[PDB]
């Protein structure tokens, strides 16, 4: 397996950031990549083994270290907004071609001028269209999260307490509304019969990752740290 830590991170320009990769595949090769919307997966640094690292295709602005076989770290001494991106780690057996690689879950890193912009989301649940119910035989619930920044969020659905992916349709990526505000919507379709049973519970769960304990927030104002907001509704 390959894990990455932290999975979410907001940093201020000029700050120092460290992404850590851990593997249990006992592979000699490890890699650090970055991916940017519409753009490709680019290699930053890689390593053929403990105690050494190699410059990738876009090394400028990053340092790397391989303290052991299991770990591979990517260091950003002076974070810049241009380093905002989604970082991927991977281990590789054999020669290290893609077919022999195993990627991590990814890390979302956002670098801004200051943290006073970070804001938790607004979550709302909406009942199926009046008409849609009748000659639709299908009931569709729409979940909307907005006014959040940056865009490190996860949206899931829970019917009767059990997570569901069937009938779900979530926007592939959070879309920006204003300069400092994102929006994200999703839909859950069920049989109009299911939506009419007062025994059925509907829940839209949203998780927002903001600032961390390690971060220092200007005292006097509530610190926008991670949050778990949920909108619910019963069957009518």
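Numbering follows the first chain given and starts at 1.
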- Return whichever of 133 to 141 and 119 to 127 has the greater mean Cα B factor according to the PDB record. 133 to 141
- Item | Entry-level comparison of average CA B-factors, 15 to 23 and 216 to 224, reporting the higher stretch | 216 to 224
- Residue with highest C-alpha B-factor in the PDB entry, from 100, 151, 163, 77: 163
- Among 42, 63, 209, 196 - the residue whose C-alpha B-factor is largest in the record: 196
- residue 205: C-alpha B-factor third of its chain, per the entry, is the middle
- Message: Ranking the modelled residues of this chain by C-alpha B-factor as given in the entry, is residue 177 in the lowest, middle or highest third?
- Response: highest
- Item | Entry-reported Cα temperature factor of residue 159, expressed as the chain third it lands in | highest
- Task: Using the B-factors in the PDB entry, rank residue 30's C-alpha atom against the chain and give the third, lowest, middle or highest.
- Result: lowest
- Note on the structure: Entry-reported C-alpha B-factor of residue 190 relative to its chain, by third, is highest
